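Beneath this line is the structure, given in structure tokens, with notes to follow.
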Amino acid sequence: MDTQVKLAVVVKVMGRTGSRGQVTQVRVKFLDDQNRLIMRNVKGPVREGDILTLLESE
Amino acid sequence: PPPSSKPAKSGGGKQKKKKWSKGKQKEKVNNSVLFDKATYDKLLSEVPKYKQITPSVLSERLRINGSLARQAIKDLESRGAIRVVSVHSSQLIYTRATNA
Amino acid sequence: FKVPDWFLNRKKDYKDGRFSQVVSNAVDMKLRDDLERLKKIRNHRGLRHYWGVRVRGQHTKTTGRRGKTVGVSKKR
Amino acid sequence: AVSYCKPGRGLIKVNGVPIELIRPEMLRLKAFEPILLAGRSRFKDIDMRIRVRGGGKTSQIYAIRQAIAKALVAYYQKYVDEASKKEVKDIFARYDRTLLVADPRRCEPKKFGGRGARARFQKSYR
Amino acid sequence: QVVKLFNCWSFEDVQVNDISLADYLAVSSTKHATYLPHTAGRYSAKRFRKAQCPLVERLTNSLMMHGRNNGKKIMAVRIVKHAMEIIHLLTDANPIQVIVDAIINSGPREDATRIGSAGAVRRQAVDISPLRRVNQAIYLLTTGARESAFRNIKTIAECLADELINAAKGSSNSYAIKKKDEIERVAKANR
Amino acid sequence: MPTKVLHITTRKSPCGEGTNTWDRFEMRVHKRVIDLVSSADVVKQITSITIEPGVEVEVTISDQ
Amino acid sequence: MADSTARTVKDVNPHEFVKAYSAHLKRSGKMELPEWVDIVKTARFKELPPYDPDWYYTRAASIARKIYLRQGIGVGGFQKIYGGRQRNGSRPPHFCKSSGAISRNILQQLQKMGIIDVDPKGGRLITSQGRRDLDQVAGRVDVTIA
RNA sequence: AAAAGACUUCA
RNA sequence: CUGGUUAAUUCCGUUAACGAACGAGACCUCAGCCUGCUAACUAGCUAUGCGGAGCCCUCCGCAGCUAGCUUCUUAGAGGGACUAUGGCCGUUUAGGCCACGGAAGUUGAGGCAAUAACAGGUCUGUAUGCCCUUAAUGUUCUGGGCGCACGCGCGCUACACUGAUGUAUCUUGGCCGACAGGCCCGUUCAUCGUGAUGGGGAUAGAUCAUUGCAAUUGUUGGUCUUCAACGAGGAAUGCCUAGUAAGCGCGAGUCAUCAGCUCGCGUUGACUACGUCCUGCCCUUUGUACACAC
């Protein structure tokens with residue numbers, strides 16, 4: 001357990017690799033069922049305001 | 001998941017050969033043992049109540065009987081009316097006992 | 001059908017006899033008679049068998065590992 | 001009388017339609033449709049608009065397409081019938097429009113530039 | 001009504017239970033869906049929902065290719081079509097629904113890219129953005145069916161039906177489900 | 001009425017050698033234009049021949 | 001009863017057509033092979049033991065659907081149509097057809113019967129009679145399909 | 001915040 | 001130099017510069033260049049006949065430059081599509097995405113790619129400075145040579161159901177033939193039982209024709225018979241952004257002969273496309289003991 005809500009917006013690039021352009025983790029909140037912040041792992045850069053399902057998560 | 005060894009000046013490695021191989025059929029189709037009842041009732045007749053319809057090939061595989069071998073069995077049953085086939089190109093098709 | 005050599009009985013060894021058919025152990029057995037053959041006759045075919053090189057022409061460029069042994073380390 | 005021909009095009013091969021409206025029989029090379037393209041899914045791509053519409057008997061389509069494979073034949077055949085209807089009826093403009101029309105495609109085979117083993121996948125070395 | 005799709009099966013009855021995956025599984029197109037084959041360039045824009053789909057197009061399309069040599073989409077369309085009727089006669093349920101059950105079961109939640117950084121190689125586990133899920137899943141279902149067909153007297157239309165029904169039932173006999181929960185097991189662990 | 005097309009397209013890696021890519025299509029059309037009259041008078045033939053405008057155009061009066 | 005027939009001589013998936021027709025062809029007086037066949041006539045498999053349903057007829061029938069639409073059509077037009085005769089990979093062939101001997105034999109028997117005539121260069125053209133069996137049969141078939 | 005070394009003489 | 005943008009010193013905005021060339025783009029090319037047409041008919045459609053067919057009703061064939069037009073064919077013009085129209089926050093020009101529609105700002109593939117350097121390569125695709133030379137490394141022929149214990153390379157074919165095979169879906173007429181010739185005129189479905197086989201065609205022998213004087217180390221096709229290695233391939237690598245990889249065949253050149261070569265064409269037709277996160281590259285930056293050059 002660890003829920004699984006409709007959509008999610010990226011709060012901020014939690015740090016990571018980088019140099020120019022960001023593979024590695026990000027902290028996201030779930031858009032509805034708010035106030036669970038977890039770090040989901042993704043490929044590729046992002047930008048804040050991108051909206052994504054992190055689908056099942058669990 | 002792995003392959004085999006590797007070649008030798010020659011040469012090749014391989015590794016694999018199989019299960020085997022019996023249900024040679026058409027010989028056992030003529031003589032009474034598989035032809036008389038058993039193959040029809042057990043394989044063909046017993047399988048059907050669990051699932052009313054099944055493809056011939058699937059039947060082929062579970063039953064472990066040759067596609068030709070129970071083509072013939074199927075045909076006999078069809079004449080009896082115990083089974084009804086449908087059609088398809090690849091000799092595949094569907095096998096049913098009764099509609100109901 | 002049939003098959004019979006004929007011509008005038010003149011020719012010694014080897015001929016054809018009229019397409020041996022036949023086939024099978026008589027043909028493998030005669031295929032030896034035929035290998036043996038060319039060799040005493042001293043033709044370019046026989047001469048190749050004694051040598052062990054493939055007779056009806058390959059690329060050679062590679063491939064022929066079979067023809068007279070396994071890959072045999074470097075060379076000299 | 002009745003015969004309205006608007007000539008599409010989209011892939012090689014040429015479909016002239018002169019259509020006199022009656023029972024829903026379909027011809028190609030002046031020979032019955034299902035049987036000429038016996039054993040095909042792409043044949044029923046054509047068949048799509050002489051069912052689905054709620055018009056069955058209102059189009060007897062007489063079709064001749066000449067020169068290239070089995071596959072190509074459907075996409076053109078279809079376009080023509082829709083385009084003709086749109087001109088007369090402005091209410092069956094939503095017949096032409098919502099059921100797909102108009103691609104040249106323009107992606108039928110491409111240039112062969114040298115070096116290519118096929119044309120464009122340059123050699124394995126060099 | 002007169003539903004088409006090989007002229008035997010409906011598709012707007014087909015339910016996709018995973019809400020996230022559902023919104024990328026097109027069973028409906030601009031007027032409604034169909035399956036009749038083509039192609040249609042819409043490319044690959046990012047972030048958002050970003051393409052239209054058909055599962056049935058992907059699945060036949062995995063088959064012609066994987067695996068391997070020689071076959072064609074006309075043969076592939078035929079095998080999918082044969083596999084779909086074999087599926088319906090062994091499930092008594094719409095084979096489009098059964099492939100959706102197989103794809104949701106065979107589509108892993110998380111995946112495991114291999115990144116070299118500093119002096120070593122980590123895999124920290126990643127997203128699998130939902131068109132990639134759909135695909136890994138189909139592919140594994142097709143590769144399984146291909147693999148089964150290579151080494152058994154079983155038509156592959158049957159083997160595709162056999163793999164698809166085992167995946168669309170959670171059965172670790174299936175190559176596709178077994179590889180899915182292998183991938184989730186490594187992706188969950190390598191943190 | 002100007003009918004059908006004649007191409008000889010010959011592409012040589014010109015040489016080095018070795019030259020085996022970035023090779024060459026210089027591709028050559030020669031074009032054929034066939035013009036009738038409905039009635040071939042004595043009078044037609046003679047006017048048409050005398051003043052005949054070909055610079056690079058090669059034109060053959062023909063023939064049963 | 002006509003309606004299905006007529007057409008269908010033309011438009012019907014061969015395979016029931018050729019099958020359907022071959023039985024009607026059996027009745028005829030002719031079919032002299034004068035032993036030409038036996039030497040090794042066709043593709044591989046294909047010496048003519050099987051042929052009494054499988055080659056001879058389906059071949060006789062064969063020409064006959066072709067000729068109506070295609071005509072005028074000659075011996076080369078026949079030889080080819082089944083055949084390969086592909087430029088090889090050199091590891092294959094393929095099979096080998098003949099088929100001057102083949103084509104010739106089917107055309108002779110038909111002529112005696114009155115079915116085909118020969119133009120002095122366009123090859124031989126369908127008679128009234130040749131249309132008359134082919135189409136009156138294409139009649140039974142369209143029914144069995146529908 | 002870097003696994004990793006060489007590379008004949010004269011022109 | 002910078003600021004931004006882009007395949008693009010591409011364009012803009014700044015600037016000790018103001019220009020200017022040359023590449024790029026533009027251009028001629030082809031893919032759909034189409035489209036209603038202007039142009040003519042190869043041809044297509046359509047009309048009318050007529051030989052018939054089902055039983056002018058429906059259908060095939062050809063008839064006359066016989067009638068006209070057209071997707072075919074064909075050349076032109078225009079159509080181009082251009083931010084002209086409408087959108088969105090935004091130093092500012094912009095970028096990003098979306099629509100009409102045959103199709104949008106790099107519509108696409110590269111054929112049209114700069115100079116200079118590389119003692120690169122070609123003296124034999126094409127001359128030739130000079131030296132072996134000089135009634136010879138000329139001649140005009142007859143014969144022979146492009147073997148493979150072994151390694152690299154391209155490439156072709158298989159391992160088996162995306163299967164196998166059978167049937168069905170310079171040339172010719174037609175009489176005689178098994179390929180191979182030599183003339184008289186002129187996907188359907190029987191089979192396949194997933195079997196190193198009905199896989200695979202390797203090899204070797206017998207032998208017939210043809211190209212050619214000749215087929216033997218060096219023609220091809222092949223009656224027929226041997227029935228090889230190989231169970232999908234390692235250390236590893238190429239190429240690919242959707243009509244592209246890949247797969248199927250053929251034509252053209254090559255050419256007395258020729259596996260398959262190089263080249264193009266059409267057909268069948270997939271996946272992935274976000275980024276610079278080993279390699280080549282760009283400009284700017286800094287250091288530099290190096291200067292045919294890590």
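As shown in the structure tokens, the chain order sets the letters A, B, ...; within each chain, residues go from 1, and ligands are also counted from 1 in the order they appear.
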Exercise. Can you tell me, as a PyMOL selection string, what residues are no more than 6 Å from residue 32 (chain D) when counting only C-alpha atoms (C1' of nucleotides), ignoring any on the same chain fewer than 2 positions away?
Worked result: (chain D and resi 27+35) or (chain G and resi 11)
For this session: For chain D, report every residue with an atom at most 7 Å from chain E (counting only C-alpha atoms), formatted as a PyMOL selection string.
Result: chain D and resi 41-42+45+98-99
For this session: Select residues of chain B: the criterion is any atom within 12 Å of an atom of chain E, counting only C-alpha atoms; output as a ChimeraX atom specification.
Result: /B:1,16-21,48,50-68,86-96
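For chain A, the residues within 8 Å of chain E are residues 6, 40, 41, 42, 43, 50, 51, 52, 53, 54, 55, 56 and 57 of chain A, with only C-alpha atoms used to measure distance.
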Problem set entry | region 25-27 of chain A surroundings by only C-alpha atoms (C1' of nucleotides), 8 Å radius, close-in-sequence under 2 positions cut, as a VMD selection string | chain A and resid 10 to 16 23 29 37 to 42
Would you save the residues of that selection, restricted to N, CA, C and O atoms, as a short mmCIF file (atom, residue, chain, number, x, y, z; two decimals), in the first residue's frame?
```cif
data_model
loop_
_atom_site.label_atom_id
_atom_site.label_comp_id
_atom_site.auth_asym_id
_atom_site.auth_seq_id
_atom_site.Cartn_x
_atom_site.Cartn_y
_atom_site.Cartn_z
N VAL A 10 4.21 17.11 -11.27
CA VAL A 10 5.59 17.19 -10.77
C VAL A 10 5.83 18.42 -10.10
O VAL A 10 5.72 19.54 -10.60
N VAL A 11 6.20 18.33 -8.79
CA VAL A 11 6.37 19.43 -7.86
C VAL A 11 7.70 20.11 -8.11
O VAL A 11 7.76 21.24 -8.52
N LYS A 12 8.75 19.32 -8.13
CA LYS A 12 10.09 19.83 -8.49
C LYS A 12 10.99 18.66 -8.64
O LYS A 12 11.05 17.78 -7.79
N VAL A 13 11.82 18.72 -9.73
CA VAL A 13 13.06 18.00 -9.89
C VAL A 13 13.86 17.87 -8.61
O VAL A 13 14.50 18.86 -8.22
N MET A 14 13.75 16.68 -7.89
CA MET A 14 14.24 16.35 -6.55
C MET A 14 15.75 16.32 -6.51
O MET A 14 16.28 15.88 -5.54
N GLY A 15 16.45 16.75 -7.58
CA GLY A 15 17.85 16.69 -7.62
C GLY A 15 18.10 15.82 -8.84
O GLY A 15 17.14 15.71 -9.62
N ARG A 16 19.21 15.02 -8.75
CA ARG A 16 19.49 13.75 -9.42
C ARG A 16 20.91 13.91 -10.10
O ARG A 16 21.76 14.61 -9.61
N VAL A 23 18.01 12.46 -16.72
CA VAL A 23 17.45 11.20 -16.22
C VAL A 23 17.57 11.26 -14.71
O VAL A 23 18.63 11.74 -14.31
N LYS A 29 3.34 14.75 -6.30
CA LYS A 29 2.16 14.60 -5.51
C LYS A 29 1.09 14.19 -6.45
O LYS A 29 1.00 14.55 -7.61
N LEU A 37 3.02 12.68 -0.89
CA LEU A 37 4.23 12.92 -1.67
C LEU A 37 5.10 11.81 -1.58
O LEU A 37 5.49 11.37 -0.48
N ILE A 38 5.49 11.29 -2.71
CA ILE A 38 6.42 10.17 -2.88
C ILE A 38 7.29 10.57 -4.06
O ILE A 38 6.95 11.52 -4.73
N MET A 39 8.38 9.85 -4.31
CA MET A 39 9.32 10.07 -5.32
C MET A 39 9.04 8.81 -6.15
O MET A 39 9.07 7.70 -5.68
N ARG A 40 8.58 9.13 -7.39
CA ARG A 40 8.52 8.11 -8.46
C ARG A 40 9.60 8.45 -9.43
O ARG A 40 10.02 9.57 -9.71
N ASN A 41 10.08 7.33 -10.05
CA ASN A 41 11.27 7.22 -10.85
C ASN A 41 10.72 7.20 -12.26
O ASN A 41 9.70 6.59 -12.55
N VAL A 42 11.38 8.01 -13.07
CA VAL A 42 10.99 8.08 -14.50
C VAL A 42 12.23 8.20 -15.34
O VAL A 42 13.37 8.44 -14.91
#
```
